[PDB]
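Each of the two blocks below gives one form of the same protein chain as structure tokens; they are labelled structure 1 and structure 2.
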Structure 1
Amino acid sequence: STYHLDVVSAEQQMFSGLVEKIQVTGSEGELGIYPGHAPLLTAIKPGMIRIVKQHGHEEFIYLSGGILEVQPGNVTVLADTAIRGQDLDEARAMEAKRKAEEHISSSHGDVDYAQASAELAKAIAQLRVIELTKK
């Protein structure tokens, strides 16, 4: 019915308590972790983690990347950079998307494109969290 979740970064402890479920942006694709899920160790791609706290209440946190560790009764997500949805800045994310979008139409190769493509994923991800929080 519930399991323990620890969302931490090198400096902060974003979350620590009981949740009913979470959705992360795993290495293999979108992941849904429930109570009693089988052990797992995966890398997180720049995106977000939806935390469904007990009583069916949500909290959104943007993850630039990190590591997901599912273990018996305990789940831990070590984040590179983690920012709460209410703290993201729309103008700042919008800005990033622009710098990236033009980095794309500057691609003199296929190496610099994948890097501008990465930059964009992060920007798109931030905007998704921003909008998901408003609701």
Structure 2
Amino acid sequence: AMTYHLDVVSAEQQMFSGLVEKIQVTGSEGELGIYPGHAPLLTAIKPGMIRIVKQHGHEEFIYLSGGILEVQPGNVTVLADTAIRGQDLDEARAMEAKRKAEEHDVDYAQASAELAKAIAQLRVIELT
């Protein structure tokens, strides 16, 4: 009892790692207060602050854009999103990627020729 190991990480970085007495975070279905001994759980969380009561009572807050909360024997891992995710938001991002590409099949022979040429130019640079 008393403490469990918590990891809070996003696809880009390690945000928190260490023993904690508990965490408070908003789950997709409700509020969550995870203490040592909590049963295995997998759920999405909502954007918002995660309240971490670190070992020795020190409180710490971290704003999360959302993500997944995974509880298993011992370790708790918050897999955080780096940005607020959702169907419409993601789609908005997809539209831009598409529009950028639409602003402006495949001649393999020409492609090879162009690469052969580029290679040739590097060789020149090499030989100074």
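For the two forms, the rigid core is made up of the largest set of C-alpha atoms that agree within 1.5 Å on superposition. Only residues modelled in both forms are compared. Numbers given to residues start at 1 and step along the sequence of structure 1.
- For the set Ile83, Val75, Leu31, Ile51, a Cα shift of at least 2 angstroms between structure 1 and structure 2, after rigid core superposition, holds for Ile83 and for no other residue.
- Once the rigid core is used as the reference frame, the Cα position of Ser16 differs between structure 1 and structure 2 by less than 2 Å.
- Relative to the superposed core, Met94 shifts its CA atom by 2 Å or more between structure 1 and structure 2.
- Core superposition places the C-alpha of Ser64 1.1 Å apart between structure 1 and structure 2.
- The Cα position of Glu119 changes by 47.5 Å between structure 1 and structure 2 once both are aligned on the rigid core.
- Taking residues common to both forms and aligning the rigid core, Cα displacements of 2 Å or more over three or more consecutive positions between structure 1 and structure 2 occur in 81 to 103, 110 to 133.
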